[PDB]
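Peer 1: Got a structure here, written out as structure tokens. Questions coming.
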Amino acid sequence: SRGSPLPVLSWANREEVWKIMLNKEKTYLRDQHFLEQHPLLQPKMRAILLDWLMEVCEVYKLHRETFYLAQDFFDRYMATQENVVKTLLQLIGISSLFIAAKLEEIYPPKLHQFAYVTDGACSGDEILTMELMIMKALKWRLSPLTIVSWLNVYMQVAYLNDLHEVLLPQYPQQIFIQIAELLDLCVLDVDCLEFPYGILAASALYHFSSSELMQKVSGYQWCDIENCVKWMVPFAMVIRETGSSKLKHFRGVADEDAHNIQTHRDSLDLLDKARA
Amino acid sequence: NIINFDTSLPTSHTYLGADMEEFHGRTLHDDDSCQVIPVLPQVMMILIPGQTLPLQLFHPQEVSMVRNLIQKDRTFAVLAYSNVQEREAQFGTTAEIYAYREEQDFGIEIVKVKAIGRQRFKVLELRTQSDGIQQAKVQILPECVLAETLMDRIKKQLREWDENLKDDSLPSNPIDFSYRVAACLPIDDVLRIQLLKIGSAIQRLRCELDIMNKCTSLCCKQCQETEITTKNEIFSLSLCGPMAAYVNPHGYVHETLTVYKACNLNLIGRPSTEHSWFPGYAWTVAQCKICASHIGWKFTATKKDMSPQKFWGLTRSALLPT
Amino acid sequence: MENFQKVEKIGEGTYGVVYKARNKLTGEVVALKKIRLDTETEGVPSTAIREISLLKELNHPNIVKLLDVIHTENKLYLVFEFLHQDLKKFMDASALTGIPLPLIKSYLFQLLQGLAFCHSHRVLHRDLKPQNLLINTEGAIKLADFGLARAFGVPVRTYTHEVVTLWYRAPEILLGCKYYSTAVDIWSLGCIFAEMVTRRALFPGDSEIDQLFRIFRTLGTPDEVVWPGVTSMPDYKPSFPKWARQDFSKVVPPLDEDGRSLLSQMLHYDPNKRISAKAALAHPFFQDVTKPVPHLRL
Ligand SMILES: Cc1cc(S(=O)(=O)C2CC3(CCN(CC4CCN(c5ccc6c(c5F)n(C)c(=O)n6[C@@H]5CCC(=O)NC5=O)CC4)CC3)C2)ccc1Nc1ncc2ccc(=O)n(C3CCCC3)c2n1
Ligand SMILES: [Zn+2]
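Below, the structure written as structure tokens:
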């Protein structure tokens, strides 16, 4: 079982924090088959949208947490609907990203900026309507534990020196961005929703680490993440063959935060090789 | 400095509520006729044409008058009461209700209205209605059109306060521009009646461009010693200009001049954002350091990415230009 | 929203307007926060979304409940639970004799519990001021106005700089610290604690530097032996005057020798060493705590 990766926390009690995190993992449901409700869409249409949302996040230097909040909002809202046509996908995705940016970032882009990137297919008033529609269909449960929020915890636990010190970032910027790159190509596959977000992060970490470090930093047993690792195999092989990118720099973003900014490079080319 | 405040907000009077009706009519009683005009019992403001005058009426007779005066025309005669405040009003302006709303919610009448001054009149007489309401018999004053250089020279200083986008404001017509400028000078009332009883726009601009470089400091009135502010610190947070008219929750009307820096003022209480005339800012009561005369408020930012992190609104009723 | 009947205006918080309204079905008084969506250029304000999301995951006896959320065209209503006052008005109404010590202890041993609950959920209130702590006639104190709250991740990152009202701002926030965490809230509580015992604000500064200098005067000027890293902090200037740690027997005269220790730990300069919410609930000061009922004036 997931015993206790967290160290002794001073600001709170480790048991309560871990229990709350695990209960969050169980209260926000995800369905990999949320596309069978919409007979017109296909899995490739989801990736194309999510890929696009990465690109926008790169243009405005939006954090990875914002993109994964948008992805969660999309895959939860779309599971509560029926017969959605591909024309509305872009509006739903842009509204989800707008909500995530408002939720997470200090200075989110203004609404007109979000409308502009849509190239006129969506307007400010459409986005305002769809954002309320999403926040209502989700029952205002807009605080999940995303796939990258778990990787942050795993990397913090993996690199600890003076006990505690779990809230101040301490870990390499080059290993975090390699795994986050394998987690953006895996997120474009709808089957990724079959496994819990924590297990996805642990599987990526293992794929770029040892089977002992993952269990030390996450508390999962081999039998828990075995299926996820098996499924991630062909998504890790492609990334390894291509070669991991480097920690790019951004204007106006401190050199100690460049690993928390989404980086769209190319995912629809590696995804079709992985799915092959 | 830079102001990403959307200065259109102050003129909208958002603090007055949400559901407001927006009458889009007009009326201009003859350019020389004896008229009977209903008066507001308590408004002591000296209204200049073109000004927005918010009002929050609670008195039953005031509410009745506004409700019955809403249909048949919308003009009420706001007198410019002389230094002898009680009655003794010889001139005045007419206001026209352009934003009306009732609120019986909470079990109280409370009528919120917004009117803009239209004409100027000499009060030939003052009769009393059967319910504490003044019907003023008033002869409309003529506008004596008889100039460009004066307007441009005034703009030369109107740009230093709130660097202007373009000539969109300050209408070209001499009368409109003169009245709009007169509405902004922090001068006191005695000079305000003279500026209102001018007449042709030329002498008005020559009295405005006159008192624009002569006055040196705005100082405490009730003691006369403290030096509160100077024009170098003045600036306008609203399209209307440095000064404007607002209403506090109790109906009182305040002419608050916006400045960047004031001195000799001490703050009372803690910042609050209730009924704030400038959305996104908090107000703290300000009193002078020598006689504790409520002089104005110190507004401070409360949201993210606000350009002016702090300014002052000084009520003109407690300032004596010098 | 045709079911609710307004009764009176309560006031305005971080956003929206709060009204007292009685539910015509069950006849139970409730607070109603109204947000005019039409005036809002960027749809629902970020503060509203953050609150509604956070308040639907926090269910504690010491945090005001979010009973419902309603949307009627161009208007968003949040239906909270009704409380009879705010600590500020209570303190002013009891500014002659003062709040009895057992009531102060109970009120401090009811904000620490809610704060610990929030922190275990990884939520930063960041707006702990007397106007946001609501008290009812049964003797319970509850946190409110989570509009400025934020859910901090593990690990934390750089969040909104200038936060919290000036009177209740921690020195690390004042000095432009890069990372801040739960500790800030604790500072606020300390500032509130000393306010209840003394009945007046502990650090009443009108500007950032003035507040910093009042803090230094009361607690001394921090060096690298008490706060390692100050002398490198972004907003630290070596020209700061040297003051020396006014004794706590003169800062809060009425407090005992355990209340003094708890306040000192709550007001520690170093955020790492500053006492945590759960580490304060085990303090001896909260050994004979009770739940006295205040006698509110309305
Ligand atoms: C039941 C309960 C009671 C109290 S209470 O009684 O403590 C409180 C009522 C109070 C609020 C403040 N006014 C005091 C008045 C002072 C005068 N005024 C004012 C304003 C502007 C003025 C002005 C004025 F005079 N003048 C002379 C001016 O000229 N201007 C201008 C204006 C423009 C400008 O720019 N500049 C100026 O100067 C404002 C009102 C009432 C007294 C204190 C607290 C809480 C509750 N219950 C409760 N339950 C449940 C919830 C749930 C959620 C929640 O959030 N809340 C609360 C909402 C807010 C906080 C939390 C809840 N609350
Ligand atoms: Zn004075």
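Residue numbers (the authors' numbering), protein chains in the order written: chain D, 100 to 375; chain B, 45 to 190, 250 to 425; chain C, 1 to 298.
In this text, a Cβ means the ideal position worked out from N, Cα and C, and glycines have one as well.
Between which residues of its own chain and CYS285 of chain D is the CB-CB distance below 8 Å, once the five residues before and five after are set aside?
Peer 2: Taking the first residue of the first sequence as position 1, residue 285 of chain D is located at position 186. Cβ neighbours of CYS285 of chain D beyond the five flanking positions: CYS291, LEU299, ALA303, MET331 and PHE334.
Peer 1: For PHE80 of chain C versus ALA31 of chain C, is the C-beta distance shorter than 9 Å?
Peer 2: Taking the first residue of the third sequence as position 1, residue 80 of chain C is located at position 80. Taking the first residue of the third sequence as position 1, residue 31 of chain C is located at position 31. Yes; because the gap between Cβ atoms is below 9 Å, this pair is in contact.
Peer 1: State buried or exposed for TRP167 of chain C, treating a residue as buried only when at least 16 other CB atoms are found within 10 Å of its CB.
Peer 2: Taking the first residue of the third sequence as 1, we reach residue 167 of chain C at position 167. Result: buried.
Peer 1: When the Cα of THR182 of chain C is compared with those of D:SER103, D:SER109 and D:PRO104, which residue comes out closest?
Peer 2: Here residue 182 of chain C is taken as the residue at index 182 of the third sequence, counted from 1. That would be D:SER109, whose Cα lies nearest to the Cα of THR182 of chain C.
Peer 1: Report the residue ranges of all beta strand (DSSP E) runs contained in full by the stretch 60–103 of chain C; include only those spanning at least 3 residues, in chain order.
Peer 2: DSSP runs (the beta strand (DSSP E)) wholly in the stretch 60–103 of chain C: 66–72 and 75–80.
Peer 1: Measuring CB atoms only, is the stretch 374–390 of chain B touching the stretch 19–33 of chain C, in the sense that at least three cross pairs come out at less than 8 Å?
Peer 2: Segments in contact, no.
Peer 1: Just verifying my parser: in three-state terms, what is the DSSP assignment at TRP110 of chain D?
Peer 2: As a first step, residue 110 of chain D must be located in the first sequence, where it is residue number 11. Residue state, collapsed to three classes: coil.
Peer 1: Name, in chain order, the residues that DSSP records as bridge partners for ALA159 of chain B.
Peer 2: The residue given as residue 159 of chain B occupies position 115 in the second sequence. B:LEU97 and B:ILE141.
Peer 1: Go through its chain and collect everything with a Cβ distance to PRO45 of chain C's Cβ below 6 Å, but skip five positions before and after it.
Peer 2: The count along the third sequence starts at 1 and reaches residue 45 of chain C at position 45. The residues are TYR15.
Peer 1: Quick one: Cα of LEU282 of chain D to Cα of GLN131 of chain D, how far?
Peer 2: For the purposes of this step, residue 282 of chain D is identified with residue 183 of the first sequence, where counting begins at 1. For the purposes of this step, residue 131 of chain D is identified with residue 32 of the first sequence, where counting begins at 1. Going by the C-alpha atoms only, they are around 16 Å apart.
Peer 1: If you measure between the beta carbons of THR231 of chain C and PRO241 of chain C, is that distance less than 9 Å?
Peer 2: Along the third sequence, one-based indexing puts residue 231 of chain C at 231. Along the third sequence, one-based indexing puts residue 241 of chain C at 241. Not in contact: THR231 of chain C and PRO241 of chain C (Cβ atoms no closer than 9 Å).
Peer 1: Where does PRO424 of chain B fall in DSSP's three states?
Peer 2: Working through the second sequence from its first residue, we reach residue 424 of chain B at position 321. In the structure shown, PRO424 of chain B sits in a strand (DSSP, three-state: E or B).
Peer 1: So the alpha helix (DSSP H) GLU195 of chain C belongs to, where does it begin and stop?
Peer 2: For the purposes of this step, residue 195 of chain C is identified with residue 195 of the third sequence, where counting begins at 1. First-last of the alpha helix (DSSP H) with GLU195 of chain C: 183–198.
Peer 1: So, at 6 Å on beta carbons, what are the nonlocal neighbours of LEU267 of chain C in its own chain, with the 5 sequence-adjacent residues on each side left out?
Peer 2: The residue given as residue 267 of chain C occupies position 267 in the third sequence. So the list reads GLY190, once near-sequence residues are dropped.
Peer 1: Please report the residue range of the alpha helix (DSSP H) in which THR165 of chain D lies.
Peer 2: The residue given as residue 165 of chain D occupies position 66 in the first sequence. Per DSSP, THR165 of chain D belongs to the alpha helix (DSSP H) from 163–176.
Peer 1: Compare the C-beta of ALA277 of chain C with all C-beta atoms of chain D and state if any pair is closer than 9 Å.
Peer 2: Stepping through the third sequence from its first residue, residue 277 of chain C is reached at position 277. Yes, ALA277 of chain C counts as interfacial toward chain D.
Peer 1: Taking its Cβ as the centre, do 16 or more other Cβ atoms sit within 10 Å of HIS211 of chain D, making it buried, or is it exposed?
Peer 2: Translated into the one-based positions of the first sequence, residue 211 of chain D becomes position 112. Classification for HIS211 of chain D: exposed.
Peer 1: Throw me the rounded Cβ distance for the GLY318 of chain D and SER103 of chain D pair, which I believe falls under 8 Å.
Peer 2: Position 219 of the first sequence, counted from the first residue, corresponds to residue 318 of chain D. Position 4 of the first sequence, counted from the first residue, corresponds to residue 103 of chain D. Contact holds; Cβ gap of about 6 Å.
Peer 1: Contact check, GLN325 of chain B vs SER396 of chain B under 8 Å by CB: the rounded distance?
Peer 2: Position 222 of the second sequence holds residue 325 of chain B. Position 293 of the second sequence holds residue 396 of chain B. Their Cβ separation, rounded to whole angstroms, is 4 Å, which keeps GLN325 of chain B and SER396 of chain B in contact under 8 Å.
Peer 1: Using a threshold of 9 Å, state whether the C-beta atoms of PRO102 of chain C and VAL252 of chain C are closer than that.
Peer 2: Position 102 of the third sequence, counting from 1, holds the residue named residue 102 of chain C. Position 252 of the third sequence, counting from 1, holds the residue named residue 252 of chain C. No, Cβ-Cβ distance for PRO102 of chain C and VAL252 of chain C is not below 9 Å.
Peer 1: Once DSSP output is grouped into helix, strand and coil, what is the label at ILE275 of chain C?
Peer 2: As a first step, residue 275 of chain C is located in the third sequence; it is residue number 275 there, counting from the start. Of the three classes helix, strand and coil, the one that applies to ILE275 of chain C here is coil, per DSSP.
Peer 1: Would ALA21 of chain C pass as an interface residue toward chain D - the criterion being a Cβ-Cβ separation below 9 Å?
Peer 2: Residue 21 of chain C sits at position 21 when you count from the first residue of the third sequence. No, no contact with chain D.
Peer 1: Quick one: which residues of the stretch 142–160 of chain C get their C-beta closer than 8 Å to a C-beta of chain D? List them in chain order.
Peer 2: From the stretch 142–160 of chain C, only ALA151, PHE152, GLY153, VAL154, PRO155, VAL156, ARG157, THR158, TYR159 and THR160 have a Cβ closer than 8 Å to chain D.
Peer 1: Over the uninterrupted alpha helix (DSSP H) stretch that includes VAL356 of chain B, give me the two end residues.
Peer 2: As a first step, residue 356 of chain B must be located in the second sequence, where it is residue number 253. From DSSP, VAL356 of chain B is part of no alpha helix (DSSP H) but of the beta strand (DSSP E) over 356–362.
Peer 1: Counting pairs of beta carbons, one from the stretch 193–205 of chain D and one from the stretch 148–161 of chain D, are three or more of them closer than 8 Å?
Peer 2: These segments touch.
Peer 1: Figure out for me which residue from D:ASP261, D:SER194 and D:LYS315 has the closest Cα to the Cα of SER222 of chain D.
Peer 2: For this step, residue 222 of chain D is matched to residue 123 along the first sequence. Comparing Cα-Cα distances from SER222 of chain D to each of D:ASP261, D:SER194 and D:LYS315, the minimum goes to D:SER194.
Peer 1: DSSP three-state label for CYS343 of chain B, please.
Peer 2: In the second sequence, counting from the first residue as 1, residue 343 of chain B sits at position 240. Of the three classes helix, strand and coil, the one that applies to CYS343 of chain B here is coil, per DSSP.
Peer 1: For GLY342 of chain D, is the classification buried or exposed, using 16 other Cβ atoms within 10 angstroms of its Cβ as the cut-off for buried?
Peer 2: Taking the first residue of the first sequence as 1, we reach residue 342 of chain D at position 243. So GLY342 of chain D ends up on the exposed side.
Peer 1: Inspect the CB distances between the stretch 272–281 of chain D and the stretch 358–375 of chain D and report whether three or more fall short of 8 Å.
Peer 2: A contact exists between the stretch 272–281 of chain D and the stretch 358–375 of chain D.
Peer 1: For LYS300 of chain B, which residues of its own chain have a beta-carbon under 7 Å away from its beta-carbon, when the five flanking residues on both sides are left out?
Peer 2: As a working mapping, residue 300 of chain B is identified with position 197 in the second sequence. Hits under 7 Å: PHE135.
Peer 1: So, does the stretch 67–77 of chain B touch the stretch 124–133 of chain B, judging by three or more C-beta pairs under 8 Å?
Peer 2: Cβ pair count under 8 Å is below three, so no.
Peer 1: Consider the C-beta atom of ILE393 of chain B and the heavy atoms of ligand 2; say whether any pair is separated by less than 8 Å.
Peer 2: Walking along the second sequence from the start, residue 393 of chain B turns up at place 290. At least one heavy atom of ligand 2 is nearer than 8 Å to the Cβ of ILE393 of chain B, so yes.
Peer 1: Verify the CB distance criterion: does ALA244 of chain C have a CB-CB separation below 9 Å to chain D?
Peer 2: Taking the third sequence and counting its residues from 1, the one referred to as residue 244 of chain C is at position 244. Output row for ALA244 of chain C: interface = no.
Peer 1: Please state whether DSSP places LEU91 of chain B in a helix, a strand or coil.
Peer 2: The sequence position of residue 91 of chain B within the second sequence is 47, counting from 1. In this structure, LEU91 of chain B counts as coil in the three-state DSSP scheme.
Peer 1: Is DSSP giving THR186 of chain D helix, strand or coil here?
Peer 2: Position 87 of the first sequence, counted from the start, is the residue given in the question as residue 186 of chain D. DSSP places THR186 of chain D in helix when its eight states are reduced to three.
Peer 1: Identify which residue in B:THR55, B:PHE381 and B:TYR384 has its Cα closest to the Cα of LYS158 of chain B.
Peer 2: Mapped onto the second sequence, residue 158 of chain B falls at position 114. Closest by alpha carbon: B:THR55.
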